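To keep things clear, I will list the structure first and then write my remarks on it.
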Amino acid sequence: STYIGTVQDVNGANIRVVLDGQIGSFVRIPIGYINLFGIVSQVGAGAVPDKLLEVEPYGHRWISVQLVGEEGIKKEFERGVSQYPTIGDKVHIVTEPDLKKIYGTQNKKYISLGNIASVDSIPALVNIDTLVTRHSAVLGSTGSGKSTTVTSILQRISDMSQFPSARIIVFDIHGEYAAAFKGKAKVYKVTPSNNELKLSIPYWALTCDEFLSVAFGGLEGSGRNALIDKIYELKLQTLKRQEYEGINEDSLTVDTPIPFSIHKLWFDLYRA
Amino acid sequence: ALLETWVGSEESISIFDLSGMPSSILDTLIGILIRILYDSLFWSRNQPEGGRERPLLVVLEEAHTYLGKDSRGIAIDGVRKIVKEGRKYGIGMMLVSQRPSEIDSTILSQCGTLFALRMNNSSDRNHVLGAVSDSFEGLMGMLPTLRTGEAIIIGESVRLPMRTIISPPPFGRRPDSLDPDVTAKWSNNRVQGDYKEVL
Amino acid sequence: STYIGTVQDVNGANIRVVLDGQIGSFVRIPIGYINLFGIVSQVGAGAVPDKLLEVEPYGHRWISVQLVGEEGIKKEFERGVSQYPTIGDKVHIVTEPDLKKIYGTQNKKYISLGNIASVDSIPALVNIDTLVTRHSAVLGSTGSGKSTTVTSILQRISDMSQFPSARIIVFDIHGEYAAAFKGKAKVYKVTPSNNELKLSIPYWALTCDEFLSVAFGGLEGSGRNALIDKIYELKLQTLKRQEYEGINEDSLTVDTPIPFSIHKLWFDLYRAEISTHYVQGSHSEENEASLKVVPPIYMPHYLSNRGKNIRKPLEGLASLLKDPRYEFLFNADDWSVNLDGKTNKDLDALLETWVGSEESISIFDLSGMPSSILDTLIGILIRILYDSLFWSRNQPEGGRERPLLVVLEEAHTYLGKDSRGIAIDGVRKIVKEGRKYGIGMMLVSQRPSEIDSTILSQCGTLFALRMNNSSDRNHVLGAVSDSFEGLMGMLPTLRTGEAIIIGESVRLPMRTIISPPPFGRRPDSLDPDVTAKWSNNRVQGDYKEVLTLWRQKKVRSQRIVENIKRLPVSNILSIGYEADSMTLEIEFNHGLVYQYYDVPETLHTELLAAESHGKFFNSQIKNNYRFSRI
Amino acid sequence: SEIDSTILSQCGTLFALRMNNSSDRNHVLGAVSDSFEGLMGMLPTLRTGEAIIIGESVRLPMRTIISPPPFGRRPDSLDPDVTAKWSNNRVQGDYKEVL
Amino acid sequence: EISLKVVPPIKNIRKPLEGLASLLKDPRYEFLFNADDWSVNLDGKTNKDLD
Ligand SMILES: Nc1ncnc2c1ncn2[C@@H]1O[C@H](COP(=O)(O)OP(=O)(O)OP(O)(O)=S)[C@@H](O)[C@H]1O
Ligand SMILES: Nc1ncnc2c1ncn2[C@@H]1O[C@H](COP(=O)(O)OP(=O)(O)OP(O)(O)=S)[C@@H](O)[C@H]1O
Ligand SMILES: [Mg+2]
Ligand SMILES: [Mg+2]
């Protein structure tokens, strides 16, 4: 069989089992008909109770374990605890079928993005409905391999067998992803290439503030009150000289993505 | 047609390469693209093209420079609105950065799930521990000693936190930046110089 | 008789027991004639005394004696004990009848919500006056009960057979509670639905300071004093034209709720800022050379001498009146104010509708609110409710004779320790001066640490769902009136739904399993489903429309059909059709109604004769036509 | 626990009643030199009305049961009653005056 | 710097002055500015003495 030890303490959730057990490995605790799964926290002198070493200063065989969830009556793994364990109970190791049970899921919203540390055959199912709706963030050191873990995920999301209608945008500042997606993406950049289109961001698709923030460096006096007057005038004429549905002489604002000629702005404003 | 290329192409993923940008304005553009992608999806949440029928996902590299705790840029304003109202219109987001402690703490906490790769300096680890909710005491004292690509995922996107090992992309599909190779570019015999053209 | 162990040694407080038992479970100790019920969180390995460990260190069966309350003289259970245990006495497990008496009561004051963990048959009796007069809070992790719990309490308190005059209000930023209350609640949202009203907050019912905090960003100059001067004349002028009872020119104030036309404000203020002056130095309007926002053209220009440095807010304000996203505040539908400042109705209907509806609950879903000014409006709504019941506390409709219960969802973003918003400046008052007017409060937040401590100190009782992180457990435990060590140690492992109630609204802190509401009556949020939306095949998009709407700031395509009739039948409820324009309208559960276009009506007949709906609708309609959902 | 300890010490005699939370039971102990286990070990199980007196104004400290005052002379705040005012049948109101 | 007064209508501590005026008009503070017997007239005499 597989035996670790016995529970020699209880505090509701925090438990301190004594052996006769890896730092991250789970622990299984049957109680009659349902089992409690737990997480190790520390090892050695960190798990010893406050008042034991006085008589046995060098008795170090203690481990601290924590409780995460509980398995129902052949139904599923439900978080929490139906009935907490007590002193002098049994303990068992988490074996291969159990890992499937705890981590398994029959729902179809989950997708496999990796393998757990202990057993390599376990898919690392992570919800995608949640990963795209709540939010996500990748953090780490510099050489820890972020962009490689942002492609091994961002490449499994847009698969063409399950998600033929996916949709994604990327912002790479060093240009290190275009090499990964050879025939799966539409790479954009400033310098054209043979099969890469050239990023183009029309200057008239911008609000008044943002255009004033990239072009004129930020004006605050009457200059800011003169440029706005001109842009409005230009977007007035383009409406008279060409037809755009819906936009009228009143619904038109300074910040509607309507085309205006920047060169005419500088030339006419500067020439005057 | 412009939008059709960014979002409506026949290939799913778009990739915007900004390494050529004049970096004095690199921040404002990140706040320009997010605004256009957000308004276009937000204002057409009925039609079959909006974010309610094809949910979006914006991934941002090196987010610690534009999401500073006291940054005065325009990107942080955009990254806050999508962090706040995106759940209604299905516009998620992914954040990448190697300096967590420089990220604003009011934006880093509103991210449901976190990938926790290696972290050594204690000004970050003590700051990541300040935003993750289901924080175990056995799997979060393990941050600085992970392997490369041995991420830890904690949040509600998983039933419970897991210490996964992401599968690397197939060889030849990896991300590779193209920087000049000094050892291979300095070691060759000197060639006759023609500096007339350089002027 | 369940014998386990007996006492054999004494160490002052540690009373040592040799054995021959759940953690948060009571123990019974009879002493002659009076029974002692209480908690002993120290037993076994965690209780063996340090003095004796030298003898037997490898054994753990030892208990201690410290109680909570004593059984009276066959009367009832009260906290405290007349006498403390002694030598020789033995501890017995509690029995179901004892649970009935300890948690039972003969008072009709209490109400039942959930059940005790041990035996489900027991009811979970919770006071109501203290649950509405002493305020309270709800706390726990993100995935625990949380909202599924708040609805059950409001769905039990607001029963008509037992409380036929209840009165409460709910703030739900995600708008996830309107689903549970199918037709028993009012629900106001910015963009209406088939049978829902408009959450219109008339701007003329705001204090001047709050008005300048939503429309001008906090002007802090001489111009700020120009607006106050300008608004006063409008508010003063409307009084002289229309008589109002009890206020005249003398006792008029800048902050009293008299309607005024903002359109006149911006137009007169904006026009008197820039215009040609026929005669130099003349500020008269006769020297210059309205239902719609259209301004008349002005000739080129000297400039008016009556102006200031408020050009940016004044032009920025004009924009706030254009976009439809703020239509609720500035274009209150039935409270829209014409140019002369005379609207159709007054706040009577607003108050009569918010709190005076024939049905008990009212709901304000704020998902449609722009998150920039979400905090500012939260404070505004609180002020209106408190003040209205303040100066009318003797009347027969106020809060004294019909107390209120304002519920706030997701509060941790609004009561921050360093938060400088107006919400906390409004929430503090009710927690302080709301006791003697009967204005309650229920706080919800998934992360208590950020909540201001003084606010969390003054709440009467606390609901404690599961809480994972250690940083927050320590903060919430620091504002507990009556805490148990055996009960609060299992806070990070509570299963979903069941909560722990602590405070003055119950006799004892108890671990209750709140009854889940009926299936189909739950708080559900209808957010887009990626897995069901990304998996379907591609569809050639027509972006020429997406651009057009994005330009027009509209949300409905110009090809919609409005006057179609429907006939009742995954769970398809109603199906429409129209051969004139080849439009097929369908309706599903949760009120979702689409409009598929250019579909042959042969399928319409086939579906009616298909008698196989659900499994057959996806056969030839799921992704085969262009639909403009509504 | 929140009160300033600077002003607490100068007080001569202190009456202490039922104290449940462990956080505050420690602070009160710090303002009394007579650290007696029996006096304060029984603090968290004191019945309503009970008290323990410590200070110079009392010759010897011990627990006493204060006799409650007679009915008709008893503190009670006249806060509105929720269940009594919600239980009564709903009555049509007129907000023309409340406004 | 410039009805109950006979005159017909025509330092940076102004906003205190308006805030000061709020207390005067409010009936809820009349216990302090408008004491039942202790209000001070322009002549300066009070109907009673603090003794
Ligand atoms: N998922 C992975 N699995 C195995 N090795 C990886 C993985 N990701 C990155 N690496 C390894 O790291 C090297 C790839 O280049 P790196 O610079 O180390 O990664 P990187 O993602 O480009 O770094 P950053 O700063 O996080 S973008 C190789 O030695 C990889 O084997
Ligand atoms: N008593 C219960 N028994 C079984 N399942 C429950 C119970 N209560 C809640 N749940 C389930 O757990 C889910 C958790 O979702 P919610 O109850 O809405 O919690 P929540 O996400 O914190 O609420 P907010 O206010 O939107 S953060 C629920 O949708 C249920 O499926
Ligand atoms: Mg990198
Ligand atoms: Mg909820």
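Here, A, B, ... name the chains of the structure tokens in the order displayed, residue numbers run from 1 inside each chain, and ligands are numbered from 1 in the same displayed order.
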Open item on the list: Show me which residues are within 10 Å of ligand 2 counting only C-alpha atoms and all ligand atoms, and format the list as number ranges by chain.
Closed with: A: 78; C: 114, 139-152, 172-177, 409-410, 444-446, 465, 495-499, 513-517, 522-525
TODO: Pull the strand (DSSP E or B) assignments for chain D out of DSSP run on the backbone, and list those residues as a ChimeraX atom specification.
DONE: /D:14-16,50-54,63-65
With C-alpha atoms kept, could you save the residues just selected as an mmCIF file, in the first residue's frame?
```cif
data_model
loop_
_atom_site.group_PDB
_atom_site.id
_atom_site.type_symbol
_atom_site.label_atom_id
_atom_site.label_comp_id
_atom_site.auth_asym_id
_atom_site.auth_seq_id
_atom_site.Cartn_x
_atom_site.Cartn_y
_atom_site.Cartn_z
ATOM 1 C CA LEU D 14 -12.259 49.885 36.087
ATOM 2 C CA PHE D 15 -15.430 47.818 35.738
ATOM 3 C CA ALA D 16 -14.964 44.916 33.315
ATOM 4 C CA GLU D 50 -22.080 40.954 35.969
ATOM 5 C CA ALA D 51 -18.933 42.985 36.555
ATOM 6 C CA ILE D 52 -15.531 42.797 38.228
ATOM 7 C CA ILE D 53 -14.218 45.844 40.097
ATOM 8 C CA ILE D 54 -10.527 46.761 40.277
ATOM 9 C CA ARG D 63 -17.167 39.701 40.863
ATOM 10 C CA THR D 64 -20.545 41.162 41.826
ATOM 11 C CA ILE D 65 -24.010 40.991 40.267
#
```
- [ ] At a cut-off of 8 Å, list the chain C residues touching chain D, using only C-alpha atoms, as a VMD selection string.
- [x] chain C and resid 67 to 69 78 to 82 109 128 to 129 132 to 133 162 to 167 347 to 348 351 to 352 356 388 391 to 392 395 to 397 400 to 403 435 to 438 478 480 to 484
With a distance threshold of 7 Å and counting only C-alpha atoms, extract the residues of chain A near chain C and express them as a CSV table (one decimal) with N, CA and C atoms, in the first residue's frame.
```csv
chain,number,residue,atom,x,y,z
A,8,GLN,N,-1.6,14.4,13.5
A,8,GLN,CA,-1.3,14.6,15.0
A,8,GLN,C,-1.7,16.1,15.4
A,9,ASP,N,-2.6,16.7,14.6
A,9,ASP,CA,-3.0,18.0,15.0
A,9,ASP,C,-4.1,18.4,14.0
A,11,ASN,N,-6.6,22.2,13.2
A,11,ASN,CA,-7.0,23.6,13.5
A,11,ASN,C,-8.1,24.1,12.6
A,12,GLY,N,-9.0,23.2,12.2
A,12,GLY,CA,-10.1,23.5,11.3
A,12,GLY,C,-9.6,23.2,9.8
A,13,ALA,N,-8.7,24.0,9.3
A,13,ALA,CA,-8.1,23.8,8.0
A,13,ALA,C,-6.6,23.4,8.1
A,51,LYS,N,5.1,23.6,21.2
A,51,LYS,CA,5.4,23.2,22.5
A,51,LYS,C,5.9,21.8,22.6
A,55,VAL,N,11.1,19.0,25.2
A,55,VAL,CA,11.6,17.7,25.7
A,55,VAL,C,12.3,16.9,24.6
A,67,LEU,N,-5.8,21.9,3.8
A,67,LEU,CA,-7.0,21.3,3.2
A,67,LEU,C,-7.5,22.2,2.1
A,68,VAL,N,-7.8,21.6,1.0
A,68,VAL,CA,-8.3,22.3,-0.2
A,68,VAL,C,-9.7,21.9,-0.6
A,79,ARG,N,-15.0,21.7,-3.5
A,79,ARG,CA,-14.2,22.4,-2.6
A,79,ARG,C,-14.8,22.5,-1.2
A,80,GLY,N,-13.9,22.5,-0.2
A,80,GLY,CA,-14.3,22.6,1.2
A,80,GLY,C,-14.1,21.3,1.9
A,81,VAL,N,-14.9,21.1,3.0
A,81,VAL,CA,-14.8,19.9,3.8
A,81,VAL,C,-16.1,19.6,4.4
A,84,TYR,N,-14.3,17.7,9.1
A,84,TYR,CA,-12.8,17.8,9.2
A,84,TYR,C,-12.3,16.5,9.9
A,87,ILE,N,-7.9,13.7,15.5
A,87,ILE,CA,-6.6,13.1,15.9
A,87,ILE,C,-6.6,11.6,15.5
A,109,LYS,N,-15.6,23.4,-21.9
A,109,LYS,CA,-15.0,24.7,-22.0
A,109,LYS,C,-13.5,24.7,-21.7
A,129,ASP,N,-13.2,30.1,-21.3
A,129,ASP,CA,-14.3,31.0,-21.1
A,129,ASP,C,-13.9,32.1,-20.0
A,162,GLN,N,-10.7,23.2,-33.7
A,162,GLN,CA,-11.8,23.4,-32.8
A,162,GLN,C,-12.3,24.8,-32.8
A,163,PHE,N,-11.5,25.8,-33.1
A,163,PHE,CA,-11.8,27.2,-33.0
A,163,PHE,C,-11.6,27.8,-34.4
A,164,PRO,N,-12.4,27.5,-35.4
A,164,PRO,CA,-12.2,28.2,-36.7
A,164,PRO,C,-12.6,29.6,-36.8
A,165,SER,N,-13.2,30.2,-35.7
A,165,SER,CA,-13.7,31.6,-35.7
A,165,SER,C,-13.0,32.4,-34.6
A,166,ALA,N,-11.8,32.0,-34.2
A,166,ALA,CA,-11.1,32.7,-33.1
A,166,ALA,C,-10.7,34.1,-33.6
A,246,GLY,N,-25.4,59.2,-42.7
A,246,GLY,CA,-25.7,59.3,-41.3
A,246,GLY,C,-25.1,60.6,-40.6
A,247,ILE,N,-23.9,60.9,-41.0
A,247,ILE,CA,-23.2,62.1,-40.4
A,247,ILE,C,-23.7,63.3,-41.1
A,250,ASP,N,-24.6,68.6,-37.9
A,250,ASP,CA,-24.7,68.7,-36.5
A,250,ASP,C,-24.2,67.5,-35.8
A,256,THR,N,-14.7,62.5,-35.0
A,256,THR,CA,-15.3,61.4,-35.8
A,256,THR,C,-14.3,60.9,-36.8
```
Under the rule of at most 10 Å, produce a per-residue listing of chain A near ligand 1: chain, number, name, the closest pair of atoms, and the distance in Å, as CSV, using only C-alpha atoms and all ligand atoms.
```
residue,atom,partner,partner_atom_place_in_ligand_line,distance
A:114,CA,ligand 1,1 (N),9.2
A:138,CA,ligand 1,26 (O),9.6
A:139,CA,ligand 1,26 (O),8.9
A:140,CA,ligand 1,26 (O),7.4
A:141,CA,ligand 1,26 (O),7.0
A:142,CA,ligand 1,25 (O),4.3
A:143,CA,ligand 1,25 (O),4.5
A:144,CA,ligand 1,26 (O),4.9
A:145,CA,ligand 1,21 (O),3.3
A:146,CA,ligand 1,26 (O),3.5
A:147,CA,ligand 1,21 (O),4.1
A:148,CA,ligand 1,21 (O),4.1
A:149,CA,ligand 1,1 (N),5.5
A:150,CA,ligand 1,21 (O),8.1
A:151,CA,ligand 1,1 (N),8.9
A:152,CA,ligand 1,1 (N),6.9
A:153,CA,ligand 1,1 (N),9.7
A:172,CA,ligand 1,27 (S),9.8
A:174,CA,ligand 1,27 (S),9.1
A:176,CA,ligand 1,22 (O),7.9
A:177,CA,ligand 1,22 (O),9.6
```
Produce a file of the selected residues containing N, CA, C and O atoms, as a short mmCIF file (atom, residue, chain, number, x, y, z; two decimals), in the first residue's frame.
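File produced: out07.cif:
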```cif
data_model
loop_
_atom_site.label_atom_id
_atom_site.label_comp_id
_atom_site.auth_asym_id
_atom_site.auth_seq_id
_atom_site.Cartn_x
_atom_site.Cartn_y
_atom_site.Cartn_z
N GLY A 114 -0.71 22.25 -20.91
CA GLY A 114 0.52 21.81 -20.30
C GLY A 114 0.33 20.53 -19.53
O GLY A 114 -0.72 19.89 -19.60
N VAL A 138 0.82 37.48 -17.50
CA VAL A 138 2.01 36.64 -17.41
C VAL A 138 3.12 37.47 -16.78
O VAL A 138 3.43 38.57 -17.27
N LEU A 139 3.72 36.95 -15.71
CA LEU A 139 4.75 37.67 -14.98
C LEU A 139 5.88 36.71 -14.62
O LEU A 139 5.65 35.52 -14.37
N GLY A 140 7.10 37.23 -14.60
CA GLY A 140 8.26 36.41 -14.32
C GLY A 140 9.52 37.24 -14.41
O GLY A 140 9.49 38.47 -14.51
N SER A 141 10.65 36.53 -14.36
CA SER A 141 11.95 37.17 -14.50
C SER A 141 12.22 37.44 -15.99
O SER A 141 11.33 37.29 -16.83
N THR A 142 13.45 37.84 -16.32
CA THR A 142 13.75 38.25 -17.69
C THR A 142 14.01 37.05 -18.60
O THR A 142 13.49 37.00 -19.72
N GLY A 143 14.81 36.08 -18.15
CA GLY A 143 15.13 34.94 -18.98
C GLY A 143 14.27 33.73 -18.68
O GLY A 143 14.60 32.61 -19.06
N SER A 144 13.15 33.95 -18.00
CA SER A 144 12.29 32.86 -17.55
C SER A 144 11.42 32.28 -18.66
O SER A 144 10.80 31.24 -18.44
N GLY A 145 11.37 32.92 -19.82
CA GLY A 145 10.61 32.37 -20.93
C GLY A 145 9.15 32.76 -20.93
O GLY A 145 8.27 31.89 -20.88
N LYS A 146 8.87 34.06 -20.98
CA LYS A 146 7.49 34.52 -21.09
C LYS A 146 6.97 34.39 -22.51
O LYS A 146 5.97 33.71 -22.76
N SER A 147 7.65 35.04 -23.47
CA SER A 147 7.15 35.07 -24.84
C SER A 147 7.03 33.67 -25.43
O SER A 147 6.24 33.45 -26.35
N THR A 148 7.81 32.72 -24.93
CA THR A 148 7.65 31.33 -25.35
C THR A 148 6.43 30.68 -24.71
O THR A 148 5.86 29.75 -25.28
N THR A 149 6.03 31.14 -23.53
CA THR A 149 4.80 30.69 -22.89
C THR A 149 3.60 31.54 -23.26
O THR A 149 2.48 31.21 -22.89
N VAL A 150 3.81 32.63 -24.00
CA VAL A 150 2.70 33.38 -24.57
C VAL A 150 2.39 32.92 -25.99
O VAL A 150 1.35 33.29 -26.54
N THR A 151 3.27 32.12 -26.60
CA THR A 151 2.99 31.54 -27.90
C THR A 151 2.50 30.10 -27.79
O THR A 151 1.63 29.69 -28.56
N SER A 152 3.04 29.33 -26.85
CA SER A 152 2.55 27.97 -26.65
C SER A 152 1.11 27.96 -26.18
O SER A 152 0.42 26.94 -26.29
N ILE A 153 0.63 29.08 -25.63
CA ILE A 153 -0.78 29.24 -25.30
C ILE A 153 -1.53 29.93 -26.43
O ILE A 153 -2.58 29.46 -26.88
N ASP A 172 3.87 42.94 -29.97
CA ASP A 172 5.25 42.58 -29.68
C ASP A 172 6.14 43.77 -30.02
O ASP A 172 6.11 44.27 -31.15
N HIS A 174 9.55 43.85 -29.66
CA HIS A 174 10.84 43.44 -30.19
C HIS A 174 10.74 42.64 -31.48
O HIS A 174 11.77 42.27 -32.05
N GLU A 176 9.50 39.46 -32.06
CA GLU A 176 9.99 38.10 -31.84
C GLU A 176 8.92 37.03 -32.03
O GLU A 176 9.20 35.85 -31.79
N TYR A 177 7.72 37.41 -32.46
CA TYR A 177 6.65 36.44 -32.69
C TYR A 177 6.42 36.15 -34.16
O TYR A 177 5.97 35.05 -34.49
#
```
Task: One-decimal distance in Å that lies between atom CA of residue C:386 and atom CA of residue C:138 - done: 21.7 Å
TODO: One decimal, Å: what's the distance from atom CA of residue C:628 over to atom CA of residue B:55, could you say?
DONE: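 Rounded to one decimal, the two atoms are 16.9 Å apart.
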List the spatial neighbours of residue C:408 as a short mmCIF file (atom, residue, chain, number, x, y, z; two decimals) with N, CA and C atoms, in the first residue's frame - criterion: any atom at most 8 Å away, only C-alpha atoms, same-chain residues fewer than 2 positions off excluded.
```cif
data_model
loop_
_atom_site.label_atom_id
_atom_site.label_comp_id
_atom_site.auth_asym_id
_atom_site.auth_seq_id
_atom_site.Cartn_x
_atom_site.Cartn_y
_atom_site.Cartn_z
N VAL C 170 -31.38 47.40 -3.88
CA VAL C 170 -30.20 46.59 -4.19
C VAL C 170 -29.35 47.33 -5.21
N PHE C 171 -28.05 47.40 -4.94
CA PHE C 171 -27.05 47.85 -5.91
C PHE C 171 -26.31 46.61 -6.39
N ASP C 172 -26.36 46.35 -7.69
CA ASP C 172 -25.69 45.21 -8.31
C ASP C 172 -24.99 45.67 -9.59
N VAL C 406 -30.50 49.42 2.23
CA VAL C 406 -29.72 49.61 1.01
C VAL C 406 -28.62 48.55 0.97
N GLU C 410 -20.08 44.64 -4.41
CA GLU C 410 -18.71 44.95 -4.80
C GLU C 410 -18.27 46.30 -4.24
N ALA C 411 -18.17 46.35 -2.91
CA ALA C 411 -17.86 47.59 -2.21
C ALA C 411 -16.37 47.86 -2.05
N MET C 441 -27.91 48.66 5.97
CA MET C 441 -26.82 48.53 5.01
C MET C 441 -26.32 47.10 5.02
N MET C 442 -25.98 46.58 3.84
CA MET C 442 -25.36 45.27 3.71
C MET C 442 -24.20 45.40 2.73
N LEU C 443 -22.99 45.15 3.21
CA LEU C 443 -21.78 45.34 2.43
C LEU C 443 -21.34 44.03 1.81
N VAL C 444 -20.95 44.08 0.54
CA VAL C 444 -20.43 42.92 -0.18
C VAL C 444 -19.06 43.29 -0.74
#
```
TODO: From a DSSP pass on the backbone, collect the residues of chain E flagged as alpha helix (DSSP H) and hand them back as a list in words.
DONE: residues 14, 15, 16, 17, 18, 19, 20, 21, 22, 23, 24, 25, 30, 31, 32 and 33 of chain E
Task: Contact residues around residue B:69 with only C-alpha atoms at 9 Å, ignoring same-chain residues under 4 positions, as an MDAnalysis selection string - done: chainID B and resid 101:106
- [ ] Excluding stretch 223-234 of chain A and any residue of its chain fewer than 3 positions from it, enumerate the residues within 7 Å of it, using only C-alpha atoms, and give them as a list in words.
- [x] residues 219, 220, 237, 238, 254 and 260 of chain A
N, CA and C atoms of the current selection, written as an mmCIF file, in the first residue's frame:
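So the final result, stored in again-v7.cif, reads:
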```cif
data_model
loop_
_atom_site.group_PDB
_atom_site.id
_atom_site.type_symbol
_atom_site.label_atom_id
_atom_site.label_comp_id
_atom_site.auth_asym_id
_atom_site.auth_seq_id
_atom_site.Cartn_x
_atom_site.Cartn_y
_atom_site.Cartn_z
ATOM 1 N N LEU A 219 -0.177 71.233 -27.182
ATOM 2 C CA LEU A 219 -0.373 72.674 -27.152
ATOM 3 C C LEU A 219 -1.444 73.015 -26.126
ATOM 4 N N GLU A 220 -1.296 74.176 -25.483
ATOM 5 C CA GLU A 220 -2.161 74.558 -24.376
ATOM 6 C C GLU A 220 -2.726 75.966 -24.473
ATOM 7 N N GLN A 237 -15.871 70.271 -44.866
ATOM 8 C CA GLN A 237 -15.834 70.297 -46.323
ATOM 9 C C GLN A 237 -15.869 68.892 -46.909
ATOM 10 N N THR A 238 -15.118 67.956 -46.325
ATOM 11 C CA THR A 238 -15.121 66.591 -46.845
ATOM 12 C C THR A 238 -16.524 66.000 -46.838
ATOM 13 N N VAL A 254 -15.537 66.929 -33.664
ATOM 14 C CA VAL A 254 -14.120 67.064 -33.985
ATOM 15 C C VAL A 254 -13.439 65.705 -34.030
ATOM 16 N N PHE A 260 -9.462 63.711 -43.449
ATOM 17 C CA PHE A 260 -9.071 65.080 -43.749
ATOM 18 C C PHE A 260 -7.611 65.075 -44.180
#
```
Task: Interface list for chain B, partner chain C, 8 Å threshold, only C-alpha atoms, as a count of residues only - done: 31
Open item on the list: Select, as JSON, numbers by chain, those residues of chain C with any atom no more than 9 Å from chain E (distances computed using only C-alpha atoms).
Closed with: {"C": [250, 251, 253]}
File of the preceding selection, C-alpha atoms, as an mmCIF file, in the first residue's frame:
```cif
data_model
loop_
_atom_site.group_PDB
_atom_site.id
_atom_site.type_symbol
_atom_site.label_atom_id
_atom_site.label_comp_id
_atom_site.auth_asym_id
_atom_site.auth_seq_id
_atom_site.Cartn_x
_atom_site.Cartn_y
_atom_site.Cartn_z
ATOM 1 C CA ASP C 250 -35.517 84.566 0.613
ATOM 2 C CA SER C 251 -35.003 80.971 1.774
ATOM 3 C CA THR C 253 -30.543 77.960 -1.794
#
```
